[PDB]
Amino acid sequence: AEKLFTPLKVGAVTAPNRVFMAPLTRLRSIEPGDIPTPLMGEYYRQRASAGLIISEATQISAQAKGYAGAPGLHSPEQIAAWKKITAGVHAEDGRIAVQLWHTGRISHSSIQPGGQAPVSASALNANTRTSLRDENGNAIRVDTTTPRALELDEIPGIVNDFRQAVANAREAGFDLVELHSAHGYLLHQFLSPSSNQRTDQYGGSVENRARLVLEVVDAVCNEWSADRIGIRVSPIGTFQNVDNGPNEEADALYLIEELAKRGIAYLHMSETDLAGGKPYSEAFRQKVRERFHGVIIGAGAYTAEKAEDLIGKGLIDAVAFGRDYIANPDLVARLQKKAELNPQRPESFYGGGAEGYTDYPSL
C-alpha cells in the first residue's frame, strides 16, 4: 500500500521517496556577505536521505535581502560556498533544490544596499516584521520598512536577477531551482490584489498580476531547462504577509494553467500559514491536478497519513515536511520504521549556531 517510500521522477532528477524537506529559513549565514557556512553544509548533509531537499530561501541579489542571516546566490563567495554544500549532499546520494526569492517589501532599509527603501509592486507597508541581527549577532524582530513601487523600467532587471541566479544555481551544482512565489514575498506581492494597486500592465487583472512571475518562469526555463524549474505558490488563504484577494480559487487556477504550459518540473503548494487556514477542498485539488500534469508537492502541517491518503488518491505526488525535518535529520527512516520523532525546539528555529540545528540526533 504505502507509496511514500517509492520513487518519483521530478523533472530532470529521480527522487527515491516522496518525503521531501521543505524550504526552511534558519538565518545562520555569515555576515558580511550572506555566505553559506560549513555548519549549513553539515545540516543539509544530515538530511540527504530526503527524496528531495529544498533549501532555505536564498537571495537572487543583494536587493532581494529581507532577513539578516539568509544566504544569497549572487556573489562569487556565495557560489563557492554553495558548491561545497551541494557536493556534500551529493556525496550522500541526495538531491537538492535551491529556493530563490526576492523578499520585496518584507525587508528593512538597514539591510538594503545603500540603506534605502525596499521595493515592491506598490508603495504599501506590509505591516509585519522581519528578522535582523543585534550587535551580538542574535536574531531580533523589526517592523518592515515601507517599500517604494518598482518603476516599469526596473521590472526587466528583476527578471534578469532571477535568470542570473538560476545560472548561478546551475554552476553551484543544485539539481533544481524553486522559484519562491509564495508567502507574501516579491512575486506574490505582484500576484495579490491586496499588495498590488498598479495601473500599468503589471496590475489589475489576474493576467497582469501574474505577468511578472510568468516572465520569470519563462526566463529561467530559457536560461537552464524547464525540467529543472519548480515553483512554490501559496495561492489560497491569508499569509502573515499578504492575502490572495476575492477570487483566489479562479486566480490560482489561471496561474496553474499558465505554469503547466511551460512544462516545468513541479508545482509546490504551501497550503497554510503556520498560523492556520481552511483546508483545501478535494474539488479544488482535482481542479489543480487536471491543470498541472507534472509533479505536485503538498505542504503545511502534513502527517505521513495525510500524505499517503492524497498520494493514493492521485492528487499530489510528494509531501514537503518543514518542522519535522528541522527536528529529524533521518525523517525518512523514522517514517519508514514508524519510529518516534525527536521533540521540536522552536526557540532555535531562527539564528544561533549548532544548537537546535545540527544537534538533533539520528536513530
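Rigid core: the largest C-alpha set superposing within 1.5 Å between the two forms. One rule holds for the numbers: they count along the sequence shown, beginning at 1.
Remark: when the other structures in 7 other deposited structures of this protein are fitted onto this one via the rigid core, 237 to 245 deviates more than the alternative among 210 to 218 and 237 to 245, judged by RMS CA distance. Larger root-mean-square CA separation from the shown form, computed after a rigid core fit of the structures in 7 other deposited structures of this protein, is seen for 271 to 279 when 271 to 279 is set against 157 to 165. Of the two segments, 159 to 167 and 119 to 127, the one listed with the higher mean B-factor is 119 to 127 (C-alpha atoms only). The stretch 308 to 316 shows the higher mean C-alpha B-factor when 308 to 316 is compared against 47 to 55 in the entry. The maximum CA B-factor among the listed residues 80, 140, 267, 97, taken from the PDB record, is found at 140. For the set 134, 178, 227, 215, the PDB entry assigns the largest Cα B-factor to 134. Ranked by C-alpha B-factor against the other modelled residues of its chain, residue 262 falls in the middle third.
In the deposited entry, the Cα temperature factor of residue 76 sits in the top third of values across the chain's modelled residues. For residue 37, the recorded CA B-factor ranks within the middle third of the chain. Only modelled residues enter the ranking. Sort the chain's modelled residues by C-alpha temperature factor and residue 239 lands in the highest third, per the entry. Per the PDB record, residue ranking by Cα B-factor puts residue 361 in the lowest third of the chain.
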